[PDB]
Trainee: 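First the structure, then my questions, so here it is.
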Amino acid sequence: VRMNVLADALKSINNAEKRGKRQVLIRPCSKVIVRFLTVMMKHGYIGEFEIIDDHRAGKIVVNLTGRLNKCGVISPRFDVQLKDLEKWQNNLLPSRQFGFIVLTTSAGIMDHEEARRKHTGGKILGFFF
Amino acid sequence: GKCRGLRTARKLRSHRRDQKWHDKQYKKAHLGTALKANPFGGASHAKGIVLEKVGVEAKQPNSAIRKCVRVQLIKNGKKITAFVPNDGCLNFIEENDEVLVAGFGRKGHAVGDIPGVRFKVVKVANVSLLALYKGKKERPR
Amino acid sequence: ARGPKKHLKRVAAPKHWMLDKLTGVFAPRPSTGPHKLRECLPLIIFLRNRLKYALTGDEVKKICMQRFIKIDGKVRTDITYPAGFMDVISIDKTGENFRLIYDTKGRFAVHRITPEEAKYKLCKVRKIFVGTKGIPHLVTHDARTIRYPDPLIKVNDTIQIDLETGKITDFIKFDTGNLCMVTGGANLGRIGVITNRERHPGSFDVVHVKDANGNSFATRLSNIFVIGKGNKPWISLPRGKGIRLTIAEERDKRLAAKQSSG
Amino acid sequence: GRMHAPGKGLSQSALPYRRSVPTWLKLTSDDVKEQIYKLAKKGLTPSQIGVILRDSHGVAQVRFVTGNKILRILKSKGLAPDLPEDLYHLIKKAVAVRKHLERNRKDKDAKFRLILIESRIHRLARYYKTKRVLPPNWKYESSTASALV
Amino acid sequence: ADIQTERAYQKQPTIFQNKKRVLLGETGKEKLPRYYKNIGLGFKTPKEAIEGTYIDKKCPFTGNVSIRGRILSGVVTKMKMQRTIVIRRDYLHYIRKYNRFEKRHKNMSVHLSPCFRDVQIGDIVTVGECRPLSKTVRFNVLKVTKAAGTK
RNA sequence: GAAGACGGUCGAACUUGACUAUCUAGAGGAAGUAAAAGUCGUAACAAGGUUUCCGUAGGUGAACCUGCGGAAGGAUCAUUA
RNA sequence: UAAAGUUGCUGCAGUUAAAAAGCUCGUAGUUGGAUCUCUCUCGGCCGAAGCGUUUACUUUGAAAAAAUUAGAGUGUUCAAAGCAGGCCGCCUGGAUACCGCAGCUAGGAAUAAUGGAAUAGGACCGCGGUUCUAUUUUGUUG
RNA sequence: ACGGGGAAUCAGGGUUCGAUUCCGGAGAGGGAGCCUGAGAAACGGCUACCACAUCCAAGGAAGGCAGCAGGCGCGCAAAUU
């Protein structure tokens, strides 16, 4: 069956970006998916997106700007402390100059740099660069 | 595929532990049959008594007579064939003398042409074969 | 294994003695006494390693058998006598009095005191109990049993003891706003004002203490020792006033002092 | 896909976006409740009741006119069956397969299908027992099944 | 019921029950005071213990045990012993190499007072650590919380 | 108040029963492996000269042969209203 | 031990190189779709006893033997070391970090699990049926 | 297989080692039982049996280096009475 709707969403975005498409349809939507997409957008990686409201679960049309190399999910959602954040960055990110690891912390869903700024660990949702 | 779940630690560790037994080196070093069948009993060297001088025929591509000696180990009374490395070094050995024998370098494996020989003579009569070879020392009288 | 042990390895000794590692295999095993094994300074360590009146333990024995050293007003000839927090060490021959006090690094500093302040000490009462036909007895951190204490005095309070008579002169209650020192844990040797005690029934109470420089820390209730009423200590403090410095601040102070001294 | 078949069928009802009573439908909520009560008294299950309300009375979705689902309506009135409709139909199918198998004992396909049906029955019974719809002592047997049918 | 179901007379040692009687003070029964105490840590004495007749020297409220140390929890899985129940404590053990967890459990035999009626399999019990009560019992049930499925 | 004695208890204790094993006065039987292209054949590799192989059963100096079912890793991706 | 990503959690392979069980069902195990934004009292600008259902998670705090490791200072003649030393009696050090897991503690409340009215024994707002009132009896037993 | 502190290796993760001077345990040839004492089931204490072994005038007596040195033995393998 379908599990980790965030994994399916990120896989759809990645496959559409590999194909050069300007838009991708993500279904079903979720709060985690929307928060991940917003974190992606604030860094300029995907651009604007629209939530289609069907009366069971949302869909998202994400406009794609070809700035995205890889968006991926980390399953299972390993709990990450501030100490292990550097190791996760070394493992998952292509460089120390760009790329973000997205974590869910008690302060919300945010990239690893904002997690360090807020001095909090959390559970790793995925990465994008 | 493999199980990726936060509660799969026991399954992953058990699978790794069972699959390690399919590694030849791990199974060799963790069963005890290899240790019990090792003539040296896990040692690096062993002292033995030369029972006779033998000439082992090199493997098929090569043609030579490798001079070895049948030695019975003092530690367990086990009979092994030990290669006498250099040339004229079989002349330094006499029957029923004590030889210190090491491995042949391949950890229980035959080395080069010499088939089934995994040991080499290091000392004869408490004098190294290399000291006798170069004239540094002479056989005890 | 069988019966008590009588030795103490040099490396297994309390680290605040600042003993070496090459000066023998054994450390002075402190005798049984008022203070614990790991919270005391044996007389040999004080008279040899700190004061340097002796170069060997034999010289410490020679000094002590001349009855030159008094702990809390009583002459002690045991060179391994456990001397601990708040003890007064008096040497009348050289005419100097010290009080065994903690430094912010958690080590017994060589703290000289006046002859007038050597007449008393402070003791934290460890328990109070009615016994023997209704007499209230009070036990202190130095195992001093005092009968008929003031009914206001409770556990965790501090009492000023006149060393000559061993009787209570005054007392400080354990309360917020009272000056105190930390006698155990990471914050050992720090001096500050109690701000909040948060109780854990069935467990250890935790007391929060604010430095005189604004820094705040926490300890267990057993590690608090009330020093004075309010913020004025009833006893003299070391060169540092219980204010622990950071390594950066300590390095800067050391560099500035060496620049201005030589 | 299907629980016990390799099929991956997609056919199903596609509900409209609106959750409102349709314009053509003049039936009030109490009228729909009364029609449901009459249909249940006639001996029809909620699936059948909804089918004939949709097909002859213009009631597209009873939940959007009454505010309640048909099974909940029947439970509130008190004329709902002891065991749920899907479990009852599964037990009926299993009973029919078992009755066929007694006179046709060489039908290995019937035995396979009976095993599948009984697995479905056990899964549904476990679900209903967790949800406390069935008593915790309720068990499916190969002899008392025809009594429940 | 009748608490004298043993070969020795069952009584609370603290309570002196055969005090000198009075004919006018007799009203059908001699009346019996109940010994009970409040265990600490904010645990309330059940109304059963205060107003019961059972004799249980290992009861935290009417017996001779003290609650000191660990306060633990678990779900009741067996009730086949006399005044003792087997609870299951479940947890996750962290394996660092795989950065993962494994479900582990252990069973604790804990004393259950007669003051706790209507305790069921699957109920959660808060137990308190006491002195060794038997070979394997070191905890006493202090509180019972019903399972959500009870009806 | 010693020796000593009865009764308990703890209880070591120069051999029999479950001695799992090993090492052997010990030949036999079946293998395997390494030598040697010695001998009788040519089973396989080409349609290897009966296409090969699988499961199963029987038969044979030996490779192997044959019966039934299967596979193409076939020597046919195809054979015509 | 590394090389060995030839034990692969990170991080391997399984059409033909070694390899997916003949095929389904099935319990444990593992995994599991969307959804929900801080109140009665006390010594008048405070202080709180808490049960807000908890757990995981995360952050903080406490407590946690030295030696070893990391690491600060210090010309052992350098260094490995050592915990010494430095100035013309005096001055100064003998730091600090880490210390996993479990336990303790205080914040956060995203994620994950769980729970709260449905059969109404449902939430709040004021009284009946069986009893004694922790001495409201203070010029005295009551 | 005494446990741990810890050691070797190690990009990250890990793998292996830890008899060995510090902490905790266990034992004093193997078992067992005790006296004394605050503390021992102590062995540089006693009492037996089991194994080994010393002196004897053959009646008896006396043993316990896994303390420091030093022998023997074992071994590839480890120092001064």
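Within every chain, numbering begins at 1; the chains are lettered A, B, ... in the order of the sequence lines, protein sequences first and strands thereafter.
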Trainee: Mark yes when both conditions hold for H/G37 and H/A38 (six-membered ring centres under 5.5 angstrom, interplanar angle under 30 degrees), and no otherwise.
Mentor: no
Trainee: Could you work out which one of G/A65, G/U24, G/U35 sits closest to the side chain of C/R38?
Mentor: G/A65
Trainee: Reckon A/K31 has a side-chain N or O less than 4.0 Å from the OP1 or OP2 of G/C36?
Mentor: yes
Trainee: Under the rule that ring centres be under 5.5 Å apart and planes under 30 degrees, are G/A18 and G/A19 stacked?
Mentor: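 Yes: the six-membered rings of G/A18 and G/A19 sit under 5.5 Å apart with planes under 30°.
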Trainee: Any idea which of G/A67, G/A95, H/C76 is nearest the B/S44 side chain?
Mentor: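 Per side-chain heavy atoms of B/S44, the pick is H/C76.
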Trainee: Specify whether C/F26 and C/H7 have parallel, tilted or perpendicular ring planes, treating 30° as the upper limit for parallel and 60° as the lower limit for perpendicular.
Mentor: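 Because their plane-to-plane angle lies in the 30° to 60° range, the rings of C/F26 and C/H7 count as tilted.
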Trainee: Rounding to an integer number of angstrom, what distance separates G/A81 and G/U7 when you compare their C1' atoms?
Mentor: 43 Å
Trainee: Report the base-pairing partner of G/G11 (Watson-Crick or G-U wobble, both distances below 3.5 angstrom), or none.
Mentor: none
Trainee: Below the 4.0 Å mark, does G/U30 have OP1 or OP2 next to a side-chain nitrogen or oxygen of E/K103?
Mentor: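 Yes, within the criterion.
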Trainee: Look at all strands and tell whether D/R126 reaches a base, only sugar-phosphate, or nothing, counting heavy atoms closer than 4.0 Å.
Mentor: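 Counting heavy atoms under 4.0 Å across all strands, the contact made by D/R126 is with sugar-phosphate only.
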Trainee: Nearest of G/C91, G/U58, G/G103 to any side-chain atom of E/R70?
Mentor: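 It is G/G103.
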Trainee: For the side chain of A/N91, counting heavy atoms from C-beta on, which of H/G24, G/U111, G/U10 is nearest?
Mentor: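 Closest of the options to the side chain of A/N91: G/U10.
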Trainee: Classify the nucleic acid contact of E/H93 as base, sugar-phosphate or nothing, counting any heavy atom under 4.0 Å across all strands shown.
Mentor: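 Nothing, no nucleic acid heavy atom in range.
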Trainee: Should the ring pair C/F108 and C/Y102 be called parallel, tilted or perpendicular, given that the plane angle runs from 0 to 90° and is split at 30 and 60?
Mentor: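 It falls in the parallel class, under 30°.
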Trainee: Does C/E249 pair with C/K253 as a salt bridge, N-O distance under 4.0 Å?
Mentor: no
Trainee: Does a distance-only test, which skips hydrogens and angles, find a donor-acceptor pair under 3.5 Å between the side chain of A/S106 and the base of G/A109?
Mentor: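 By the distance-only test, no, there is no pair.
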Trainee: Please determine, for the side chain of C/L22, which listed nucleotide (H/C22, G/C91, G/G82) has the closest atom?
Mentor: G/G82
Trainee: So if I take every side-chain heavy atom of A/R77 and compare against G/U105, G/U7, G/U111, which nucleotide ends up nearest?
Mentor: G/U111
Trainee: Taking the basic N atoms (NZ, or NE/NH1/NH2) and the acidic carboxylate oxygens, is any pair closer than 4.0 Å for E/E102 and B/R13?
Mentor: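 B/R13 and E/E102: salt-bridged.
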Trainee: Taking the basic N atoms (NZ, or NE/NH1/NH2) and the acidic carboxylate oxygens, is any pair closer than 4.0 Å for A/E86 and A/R96?
Mentor: yes
Trainee: Do the side-chain N or O atoms of D/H4 get closer than 4.0 angstrom to the phosphate oxygens (OP1, OP2) of G/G26?
Mentor: yes
Trainee: So what does D/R132 touch, heavy atoms closer than 4.0 Å: a base, only the sugar-phosphate, or nothing?
Mentor: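 Result for D/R132 = nothing.
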Trainee: Would you tell me if any nitrogen or oxygen in the side chain of E/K106 comes within less than 4.0 Å of OP1 or OP2 on G/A102?
Mentor: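 So the side chain of E/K106 is outside the cut-off, no N or O lying under 4.0 Å from OP1 or OP2 of G/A102.
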Trainee: Is the base of G/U140 syn or anti, if syn means a glycosidic angle within 90° of 0?
Mentor: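 Nucleotide G/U140 adopts anti.
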Trainee: Examine G/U58: is either OP1 or OP2 under 4.0 Å from a nitrogen or oxygen in the side chain of A/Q81? Give yes or no.
Mentor: yes
Trainee: I need the single residue from A/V39, A/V73, A/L6, A/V32 that forms a side-chain contact (heavy atoms from CB on, under 4.5 Å) with A/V102. Which is it?
Mentor: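 That would be A/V39; it is the only one of A/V39, A/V73, A/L6, A/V32 passing the side-chain contact (heavy atoms from CB on, under 4.5 Å) with A/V102.
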Trainee: Using a cut-off of strictly less than 4.0 Å, decide whether B/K2 has a side-chain nitrogen or oxygen near OP1 or OP2 of G/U31.
Mentor: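 Answer is no, no contact under 4.0 Å.
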Trainee: Are any of C/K258's side-chain N or O atoms less than 4.0 Å away from OP1 or OP2 of G/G73?
Mentor: no
Trainee: What integer number of Å spans the P atoms of H/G13 and H/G25?
Mentor: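 Their P atoms lie roughly 36 Å apart.
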Trainee: Once you apply a heavy-atom cut-off of 4.0 Å, does C/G185 come out as touching a base, just sugar-phosphate, or nothing?
Mentor: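 The answer is sugar-phosphate, as C/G185 gets under 4.0 Å only of primed atoms, P, OP1 or OP2.
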Trainee: Does the structure show a Watson-Crick or G-U wobble partner for F/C6, both distances under 3.5 Å? Name it, or say none.
Mentor: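 Base-paired to nothing in any strand shown.
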Trainee: Using the purine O4'-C1'-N9-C4 or pyrimidine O4'-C1'-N1-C2 torsion, is G/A84 syn (within 90° of 0) or anti?
Mentor: syn
Trainee: Select one nucleotide: of G/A34, G/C83, G/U31, the one nearest the side-chain heavy atoms of C/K21.
Mentor: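 Within the option list, the nearest is G/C83.
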Trainee: Does a side-chain N-to-carboxylate-O contact under 4.0 Å join A/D54 and A/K59?
Mentor: no
Trainee: Of C/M18 and A/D79, whose nearest nucleotide on RNA chain G comes first from the 5' end?
Mentor: A/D79
Trainee: Run the salt bridge (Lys or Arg N to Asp or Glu O under 4.0 Å) check on E/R88 and E/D90 step by step: do they pass?
Mentor: CA-CA 6 Å; E/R88 185 185 173 108; E/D90 276 84; 3.1 Å; yes
Trainee: Strictly below 4.0 Å, N to O, side chains only: are C/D205 and C/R197 in salt-bridge contact?
Mentor: yes
Trainee: Just wondering, more than 12 heavy atoms not from B/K20 lying within 6.0 Å of its NZ?
Mentor: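 Atom NZ in B/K20 is packed in, count exceeds 12.
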Trainee: When all nucleic acid strands are considered with a 4.0 Å heavy-atom cut-off, which category describes B/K20: base, sugar-phosphate, or nothing?
Mentor: base
Trainee: Between the side-chain atoms of B/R16 and the base atoms of G/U7, is any donor-acceptor pair under 3.5 Å?
Mentor: yes
Trainee: Take atom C1' in H/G30 and the same atom in H/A51, then report the distance between them in whole Å.
Mentor: 8 Å
Trainee: How far does the P atom of H/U54 sit from the matching atom of H/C68, given to the nearest Å?
Mentor: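 Roughly 26 Å separates the two P atoms.
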Trainee: If you check every side-chain atom of C/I247, which of H/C76, G/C12, G/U96 has the closest atom?
Mentor: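 The answer is G/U96, which lies nearest to the side chain.
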Trainee: Counting the atoms with a prime plus P, OP1 and OP2 as sugar-phosphate, which does A/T105 contact under 4.0 Å by heavy atoms, base, sugar-phosphate, or nothing?
Mentor: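 Base, at least one base atom sits under 4.0 Å.
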Trainee: Under 4.0 Å, counting only non-hydrogen atoms across every strand here, what does A/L125 touch: a base, just sugar-phosphate, or nothing?
Mentor: nothing
Trainee: On a whole-Å scale, what distance lies between the P atoms belonging to H/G44 and H/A57?
Mentor: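 Those two atoms are separated by 33 Å.
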Trainee: Does a Watson-Crick or G-U wobble pair link H/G14 to H/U9, with each of the two distances under 3.5 Å?
Mentor: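 Here the two bases pair.
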Trainee: Does C/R239 reach a base, just sugar-phosphate, or nothing at all? Heavy atoms under 4.0 Å.
Mentor: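 The answer is sugar-phosphate, as C/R239 gets under 4.0 Å only of primed atoms, P, OP1 or OP2.
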Trainee: With a non-hydrogen cut-off below 4.0 angstrom, is C/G184 in contact with a base, only sugar-phosphate, or nothing?
Mentor: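 It contacts sugar-phosphate atoms only.
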Trainee: Mind checking who F/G55 pairs with, Watson-Crick or G-U wobble, both distances under 3.5 Å?
Mentor: F/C68
Trainee: Looking at every strand, decide which applies to C/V206 at a 4.0 Å heavy-atom threshold: base, sugar-phosphate, or nothing.
Mentor: nothing
Trainee: Among the nucleotides G/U35, G/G94, G/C57, which one has an atom lying closest to any side-chain atom of A/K123?
Mentor: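 The answer is G/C57, which lies nearest to the side chain.
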Trainee: Which glycosidic conformation, syn or anti, is assigned to F/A36 if syn requires a torsion within 90° of zero?
Mentor: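 In terms of base orientation relative to the sugar, F/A36 is anti.
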Trainee: Taking the minimum atom-to-atom distance to the side chain of D/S119, which one of G/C9, G/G115, G/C25 wins?
Mentor: G/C25
Trainee: Provide the Watson-Crick or G-U wobble partner of G/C51, both distances under 3.5 Å; none if there is no partner.
Mentor: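 Base-paired to nothing in any strand shown.
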Trainee: Are the six-membered base rings of F/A46 and F/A47 within the stacking limits, centres under 5.5 Å and planes under 30°?
Mentor: no
Trainee: Checking one value: the base orientation of G/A4, syn if chi is within 90 degrees of 0, otherwise anti.
Mentor: syn
Trainee: Do the six-membered rings of H/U15 and H/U16 lie with centres under 5.5 Å apart and planes under 30° from parallel?
Mentor: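 Yes, H/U15 and H/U16 stack on each other.
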